[PDB]
Amino acid sequence: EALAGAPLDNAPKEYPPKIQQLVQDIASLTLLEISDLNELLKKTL
Amino acid sequence: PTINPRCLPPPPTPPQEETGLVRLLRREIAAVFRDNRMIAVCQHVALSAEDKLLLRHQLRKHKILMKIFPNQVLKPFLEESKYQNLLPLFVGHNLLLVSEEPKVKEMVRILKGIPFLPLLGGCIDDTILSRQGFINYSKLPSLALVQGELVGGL
Amino acid sequence: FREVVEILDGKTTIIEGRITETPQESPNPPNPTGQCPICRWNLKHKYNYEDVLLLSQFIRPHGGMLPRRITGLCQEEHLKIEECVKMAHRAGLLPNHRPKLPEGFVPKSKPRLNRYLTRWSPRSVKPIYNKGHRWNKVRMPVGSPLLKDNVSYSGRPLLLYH
Amino acid sequence: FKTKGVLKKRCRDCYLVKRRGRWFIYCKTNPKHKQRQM
Amino acid sequence: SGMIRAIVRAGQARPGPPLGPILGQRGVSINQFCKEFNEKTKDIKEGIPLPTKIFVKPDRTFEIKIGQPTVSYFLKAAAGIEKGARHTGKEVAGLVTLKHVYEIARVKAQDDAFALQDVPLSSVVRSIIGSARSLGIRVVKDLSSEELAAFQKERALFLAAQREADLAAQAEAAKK
Amino acid sequence: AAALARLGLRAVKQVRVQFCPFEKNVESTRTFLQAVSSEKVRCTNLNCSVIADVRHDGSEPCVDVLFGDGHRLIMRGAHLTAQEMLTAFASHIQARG
Amino acid sequence: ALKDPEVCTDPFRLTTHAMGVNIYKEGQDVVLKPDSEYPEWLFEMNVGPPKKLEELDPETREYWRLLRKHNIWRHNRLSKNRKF
Amino acid sequence: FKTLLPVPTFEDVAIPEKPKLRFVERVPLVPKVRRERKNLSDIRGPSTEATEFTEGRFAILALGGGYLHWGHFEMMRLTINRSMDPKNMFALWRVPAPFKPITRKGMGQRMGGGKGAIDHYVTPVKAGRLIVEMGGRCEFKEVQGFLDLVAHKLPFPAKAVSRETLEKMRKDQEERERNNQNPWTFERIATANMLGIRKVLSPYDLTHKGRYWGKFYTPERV
RNA sequence: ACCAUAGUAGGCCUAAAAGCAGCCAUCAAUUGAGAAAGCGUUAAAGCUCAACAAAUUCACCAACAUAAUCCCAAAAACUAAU
Ligand code: FES
Ligand SMILES: [K+]
Ligand SMILES: [K+]
Ligand SMILES: [Mg+2]
Ligand SMILES: [Mg+2]
Ligand SMILES: [Mg+2]
Ligand SMILES: [Mg+2]
Ligand SMILES: [Zn+2]
């Protein structure tokens, strides 16, 4: 395996793709699941 | 002889045998790269013996340790490992900083107290950072603060 | 090849290195399995001080010789090449590899005396005032012993001391 | 100088150098170490 | 202008050797040291050696910092012997238990030499054992009063034999 | 490092080093930095500040020096060797002093 | 004239109290605690002679620690013929 | 970073009492009142006595032949005693005390009359005979340093040699004799009496194989 | 090249013996460094060499003055040699 390329701040434009897919997965949920997701996070954290 | 042996191709290369000392460094590097969450590299600079010992004492106050490994047994090990991207940082003189429960707020402050001790980079929790990344990581809040604000934004 | 440029611009000095394109080795050598460059082209025991085309590839632009580490020659051949370059310079060959000194060229001196195969240096040999008879004869050296292994088509050994 | 047969370094700062067809022991710290091969 | 390594008794700075010629050579009067060092420590008994660091400054002023006593005095006092063994290894000067070495470790753990490095407790005790190797005092796992008492009598007899031998040795050299 | 100590670094005002450690042609810059930041060179004037600027995508390993006379010596060391950089730095000290 | 202070000679107190530890005038002798309360690592060190070269193990820094010391001894002996 | 090579361990070597060299008398206790002929065959040719190590591991090998008298013994004894460690070094003589008388007639007199009076005593030494043998618990490099000084001042040329070095130069004197590419050798020509060469050669040249001429030994001749 | 910090003036010894008259021992901090290999000090201090790291052409050894009437064939490193 290999690690990341260590992007710099001179041309910082590429965000991690794992974050982006988490945004899409979160946005793909109903408001009822928002409360369930919130309550589980509050209980754990 | 018809042809001088120097001009002839070299004989088959004898298999070099790794001694105990070399193998001892191999596992220690593996150990220090396994159970430690923060691995900060630095350019080792020839300082005063009293000043060097003082730096050890000051880093001891924050549970930060520093070790030195020769490139003869470190470059081949990191090449086969998952931290191969740190090879350009291990070309010349180097110094390694090791810490548990990473916290660079008290580490950069000591580094900035001496203007001639560069901070090249390092890997924090399997993530390679530059000096600017370390500075941004220093100003960043802790896990409890960030996660505590995470639920607020959601 | 790399060159260093130093520029003075208003009490500010700028020093930078620029890379110049370098000629490469010829594609097909007759002996690909050789180690050192001399024996890779079957030039072993086949060059002399006259071979300017060979000695001009292992010398600096100002008459110096490149180190053995960069060239890769074996120690045995490197000394022979070093000896030939010294003999080549004294022989009058390689006129473009001398340093340039505009002030020193104007005051001409005694005309150069043509010479070749000079083992020693012109300023470090003393006259043989007492030569001696045949049973104890002081022989003037010519050439170098490092070149006694060269191929002899005639078959007679080279007369190094005469 | 000191005309001698075999050249030896009396101190670690002596450096060998071949000039005028002979080997000379030249020393910087101690001038008394100057030796000349005959 | 430099550093001076001097061992001085607690509050007993004499206006002579070895303090006089050494400290006065750099340009510092002894009467200054008769007040600074003597007042520096007043709860420490005199006669106990104290390795002190003196930093002489270019303006002929000085700074004093006091460290823990030497290992030699601690082990000799712990073993109850007035001096170390003349021939280390051949003879044993004193016998001490592991408590004496372990207890000394805490006292020296705060010394500027060891406390600065933040050495573990196991680090100091090994050094004391190593110092005891050349001091002539053997570390003992555990002993009692009678075992220690027997060593004292044997050591006294051997010391008495050497004490009278030295007097005879000095007489032979002078007469001959 | 030993050469700079004997030549008197007291006439140097400020030295800064800007390099990208993740590049390939910065090894020479690293060697220059360690030589000028040695203990012997430091113990010659207690006012000069040595600055080790570290970047990632700068792609310009450079060294800037200011002498007491007021000249600005800046050499972008990317192809130069460590010996060349030290020799040039040492040469200017004698001339400007 | 400068001599160490007089030391205790009673075997009972020396075996139970370390007199040399207390250097303060106002201090007192520290009483010996039971050996059970003492940490176990102080009863594990090499009381006797130091470890030889063979008692150590090649897969241990102790062997290389001693071998490094021996190399200096070998180099020092060969340097006895220095003319400088 | 380098390689920590193991160091030699010397624990089986025992230092005998009085490790320093024994004093040698100038004249043997019983003088020889009869003057004998000055044999020169005791120098010519290779040595047959004391050619191998007995106790020590270092010795001075005599490449040539010559005479040793009381003066040379003092130089060898004093130099070694003041340069070695008595605790780690012990030395042993490999040559006897001077026993062969040497005659010197009076200064400035006509030839004749007879042999003169005995002047001093010498010890004949052939080629390949060890002179002083030293052993101990130390490496050869430091022993070689102060042995070449003693070997240089001997009459015959000599070297400081050890157990490993002596075997290497004897194992190379055979390889150089086995791989020789010259069809003709001194051993072949002399023994077979080729070219009538026996008229020029000496009867001792059959055994010497051409490696010995007078008292001089040339090790490079095959 | 580069680089030097711990116990610790180790015990003994001596007027003073701080790695460095001698005797004795030769353990031990630190990833790394010998109760010391050399120099130096009245004794200290100090310089240097081994050990850190850095880094990697090769490196055993081989040096020896002069005579008397005026030096003494001239000269030549390759056209083919049992
Ligand atoms: S290695 Fe073949 S001639 Fe150089
Ligand atoms: K001789
Ligand atoms: K001493
Ligand atoms: Mg150790
Ligand atoms: Mg070193
Ligand atoms: Mg003369
Ligand atoms: Mg003539
Ligand atoms: Zn010198």
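Residues numbered from 1 in each chain as written, not as in the entry; some residues may be left out. Chains lettered and ligands numbered in written order. Part of a larger assembly, values for the part shown. Heavy atoms only, no water. Residues with missing side-chain atoms left out of burial classes, pairs and counts.

Its PDB header names cryo-EM as the technique used to obtain the model and reports a resolution of 3.6 Å.

As named in the PDB entry, chain B is Mitochondrial ribosomal protein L10, taken from Sus scrofa. Here the PDB entry title reads "55S mammalian mitochondrial ribosome with mtRF1 and P-site tRNA". UniProt's Subcellular location (unreviewed entry) comment on chain B is quoted here verbatim: "Mitochondrion". Annotation of chain B in UniProt includes, under Sequence similarities (unreviewed entry), the sentence "Belongs to the universal ribosomal protein uL10 family." (UniProt positions renumbered as here; feature names shortened; annotations may be inferred.)

Going by the PDB entry, chain A carries the name Mitochondrial ribosomal protein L12 and comes from Sus scrofa.

Caption draft 1: The arrangement of the overall build of chain B in detail. Scanning chain B from terminus to terminus reveals 6 helices and 5 strands. Element order for chain B, N to C, with α for helix and β for strand: α-β-α-β-α-β-α-β-β-α-α. Taking 2.2 N^0.38 as the reference for a compact globule, 154 residues should give roughly 15 Å; the C-alpha atoms of chain B span a radius of gyration of 21 Å, well beyond that estimate. For chain B, the spread of C-alpha atoms along the principal axes amounts to about 85 × 45 × 30 Å. Among the 154 residues that make up chain B, the fraction classed as buried is 41%. Taking as baseline every contact in chain B between residues at least 6 positions apart, the subset at least 24 positions apart corresponds to 75%. When the accessible surface of chain B is split by element, carbon and sulfur atoms take 57% of a total near 9,000 Å². (Helix = DSSP H or I, 4+ residues; strand = E, 2+ residues; numbered from the N terminus. Rg over C-alpha atoms; globule rule 2.2 N^0.38 Å. Buried < 20%, exposed > 50% of the residue type's maximum accessible area, 1.4 Å probe, protein only. Contact = heavy atoms within 4.5 Å. Areas by Shrake-Rupley, 256 points an atom, 1.4 Å probe, with all protein chains shown as cover.)

Caption draft 2: Highlighting the coordination of the zinc ion (ligand 8). Residue and element names in this part refer to chain D. Taken together, the protein donors to the zinc ion (ligand 8) comprise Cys11 (SG), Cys14 (SG), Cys27 (SG) and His33 (ND1), at separations of 2.1 to 2.3 Å. One way to put it: the 4 donor atoms around the zinc ion (ligand 8) meet at angles of 105 to 112°, and that makes the site tetrahedral. Sequence positions of the residues that donate to the zinc ion (ligand 8) give the spacing C-x2-C-x12-C-x5-H. Highlighted residues: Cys14 in the loop between β1 (3–4) and β2 (15–19) and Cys27 in the loop between β3 (22–26) and β4 (35–37), separated in sequence by 13 residues. There is no split in this pair, since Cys14 and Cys27 are both buried. (Donors = N, O, S within 2.8 Å, 3.2 Å for Na, K, Ca; no water. Tetrahedral: all angles 85-135°; square planar, octahedral: opposite > 155°, others 65-115°.)

Caption draft 3: Molecular detail of the UniProt feature "binding site: Zn(2+)" (unreviewed entry) in chain B. As annotated by UniProt and renumbered to match this structure, "binding site: Zn(2+)" (unreviewed entry) occupies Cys7(B). Turning to its location among the elements, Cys7(B) is positioned in the segment before α1 (20–32). Those residues in contact with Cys7(B) that sit more than four places away from it in its chain are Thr33(C), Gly34(C), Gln35(C), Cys39(C) and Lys44(C).

Caption draft 4: Structural view of the nonpolar core. In this structure, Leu78(B) and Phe89(F) are the most contacted members of the largest nonpolar core, which totals 83 residues. The greatest single-element share of this core, amounting to 7 residues, is contributed by α1(B). For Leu78(B), the residues in contact, after removing those within four places along its chain, are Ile29(B), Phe33(B), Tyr83(B), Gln84(B), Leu86(B), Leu87(B) and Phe90(B). (Core = buried A, V, L, I, M, F, W, Y, C linked by side-chain atoms within 4.5 Å.)

Caption draft 5: Main features of the sheet that holds strand β1 (residues 2–8) of chain C. Read from one edge to the other, the open sheet built from 6 strands follows the order β1(C)-β2(C)-β4(F)-β3(F)-β1(F)-β2(F), with strand pairing classed as mixed. A single partner strand is all that each edge strand has here, and the edge strands are β1 of chain C together with β2 (49–54) of chain F. This sheet shows a mean twist of 15° between the axes of neighbouring strands, independent of strand direction. Pairing of strand β1 (residues 12–19) of chain F with strand β3 (residues 62–67) of chain F, which is carried by 6 bridges, proceeds in the antiparallel orientation. Within the sheet, the bridge partner assigned to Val15(F) lies in β3(F) and is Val65(F). Packing against the sheet, helix α4 (residues 82–95) of chain F makes contact with β1 and β2 (12–19) of chain C together with β1, β3 and β4 (72–75) of chain F, and its axis sits at approximately 10° to β3(F). (Pairing = 2+ DSSP bridges. Axes fitted to C-alpha atoms, helices over the stretch in contact; angles between N-to-C directions.)

Caption draft 6: The protein's contact with RNA strand I, seen in detail. Taken together, 81 residues sit near RNA strand I, with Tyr116(C), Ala85(E), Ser131(E), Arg61(G) and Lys69(G) positioned nearest. The sugar-phosphate portion of RNA strand I accounts for 69% of its atoms within 4 Å of the protein, the bases making up the rest. One of the side-chain N or O atoms of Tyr116(C) is found 2.6 Å from a phosphate oxygen in RNA strand I. Here a sugar or linking oxygen of RNA strand I and a backbone polar atom of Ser79(G) are 3.4 Å apart. If you list the elements that add at least two residues to the surface near RNA strand I, you get α2 (49–60) and α3 (71–80) of chain B, α3 (68–71) of chain C, β1 (2–7), α3 (71–79), α5 (112–115) and α6 (121–135) of chain E together with α2 (61–78) of chain G. Residue composition of the surface near RNA strand I, grouped by class: 32 nonpolar, 28 polar and 21 charged. (Near = heavy atom within 4 Å. Polar contact = N/O pair within 3.5 Å; in protein donor to acceptor, adjacent residues only side chain to side chain. Nonpolar A, V, L, I, M, F, W, Y, C, P; charged D, E, K, R; others polar.)

Caption draft 7: Looking closely at a negative patch on the surface. A grouping of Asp142(E), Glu146(E), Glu147(E) and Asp35(G) is seen on the molecular surface, where their side chains present a negatively charged patch. Position of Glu146(E) relative to the elements: it lies in helix α7 (residues 145–175). Among the residues examined, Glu146(E) registers a relative accessible area of 52% and is labelled exposed. (Patch = residues over 30% accessible without salt bridge, like charges linked within 9 Å, V, L, I, M, F, W, Y side chains within 5 Å. Salt bridge = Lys/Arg side-chain N within 4 Å of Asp/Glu carboxyl O. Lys, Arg positive; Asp, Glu negative; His and termini not counted. Charge placed at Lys NZ, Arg CZ, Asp CG, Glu CD.)

Caption draft 8: Region of the structure containing the packing of helix α4 (residues 98–109) of chain E against α6(E). Residues and elements named next belong to chain E. Where α4 meets α6, the axes come as close as 9 Å, and the angle between the chain directions of the two elements is 115°. Both α4 and α6 take part in a crossing whose hand is right-handed. For the pair formed by α4 and α6, the contact residues are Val101, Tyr102, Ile104, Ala105, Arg106 and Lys108 on the first element and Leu121, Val124, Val125, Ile128 and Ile129 on the second. Partitioning the contact of α4 with α6 into residue classes produces 9 nonpolar, no polar and 2 charged. (Left-handed = near helix turned anticlockwise from the far one by under 90°.)

Caption draft 9: Region of the structure containing the pattern of salt bridges. One pass over the full model with this rule turns up 26 salt bridges over all chains. Here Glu63(E) makes a salt bridge to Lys57(E), at a shortest N to O gap of 3.5 Å. In this structure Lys57(E) comes out as partly exposed when scored by relative accessible area, which is 23%. The partner of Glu74(H) in a salt bridge is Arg77(H), and the shortest N-O contact between them spans 2.8 Å. One end of the pair is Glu74(H) and the other is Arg77(H), both in helix α1 (residues 70–81) and 3 residues apart, which spans about a single turn. Accessibility classification places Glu74(H) together with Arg77(H) in one group, the buried group. One continuous salt-bridge network, built from bridges that share partners, spans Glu77(C), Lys80(C) and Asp149(C).

Caption draft 10: Just the side chain of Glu142(H), in detail. Examined against the element boundaries, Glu142(H) turns out to sit in helix α2 (residues 140–152). No salt bridge is formed by the buried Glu142(H), whose closest oppositely charged neighbour, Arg77(G), lies at an N-O distance of 4.1 Å. Ignoring anything within four residues of it in the chain, the contact list for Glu142(H) reads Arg77(G), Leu78(G), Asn81(G) and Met89(H).

Caption draft 11: Examining the pairing of strand β1 (residues 58–62) of chain H more closely. Residues and elements named next belong to chain H. Burial of β1 is extensive: 5 of the 5 residues sit out of reach of the surface. Burial of β1 is two-sided: the residues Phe58, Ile60 and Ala62 facing one way and the residues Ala59 and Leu61 facing the other way are all buried. The pairing of β1 with strand β6 (residues 130–136) spans 3 bridges and is antiparallel. Bridge assignment links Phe58 to a residue of β6, and that residue is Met134. Here 5 bridges tie β1 to strand β7 (residues 158–162), and the two strands are oriented antiparallel to one another. Each bridged residue has a counterpart across the sheet, and for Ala62 the counterpart in β7 is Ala158.

Caption draft 12: Representation of helix α4 (residues 75–90) of chain C. All names here are of chain C. With 16 residues, α4 ought to run about 22 Å at 1.5 Å a step, and its terminal C-alpha atoms sit 23 Å apart, in line with that. All of the buried residues along α4 are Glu77, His78, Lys80, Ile81, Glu83, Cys84, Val85, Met87 and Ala88. Buried residues along α4 sit in contact with α1 (37–40), α2 (52–55) and α3. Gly92 occupies a position one or two residues after α4 and carries a positive phi of about 100°. (Expected span 1.5 Å × (residues − 1).)

Caption draft 13: Representation of the environment of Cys42(B). All names here are of chain B. Topologically, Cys42 is positioned in strand β1 (residues 38–42). Sequence spacing of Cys42 and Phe77 is 35 residues, and the spatial spacing of their C-alpha atoms is 18 Å. If sequence neighbours within four positions are ignored, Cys42 has contacts with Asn94, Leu95, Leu117, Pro118 and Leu120.

Caption draft 14: Structural context of the interface of chain G and chain E. Listed as interface residues are 34 residues of chain G and, on the opposing side, 43 residues of chain E. When the buried surface of chain G facing chain E is broken down by residue, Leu2(G), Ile23(G) and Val47(G) rank first, second and third, together holding 18% of it. The interface formed by chain G and chain E holds 1 salt bridge in total. Its salt-bridge partner being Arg9(E), residue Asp4(G) comes within 3.4 Å of it at the nearest N-O pair. Our count for the chain G to chain E interface comes out at 7 residue pairs in polar contact. (Buried area = accessible area lost by both parts, 1.4 Å probe.)

Caption draft 15: Examining the sheet that holds strand β4 (residues 100–104) of chain H more closely. Residues and elements named next belong to chain H. Here 3 strands make up an open sheet; going across it, the order is β2-β5-β4 and the pairing antiparallel. The sheet is open, and its two edges are formed by β2 (66–69) and β4, each paired on a single side. Averaged over all neighbouring strand pairs, the angle between strand axes comes to 55°, with direction disregarded. For β4 and strand β5 (residues 117–125), the ladder comprises 5 bridges, and the chain directions are antiparallel. Its bridge partner lying in β5, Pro101 is registered against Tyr121.

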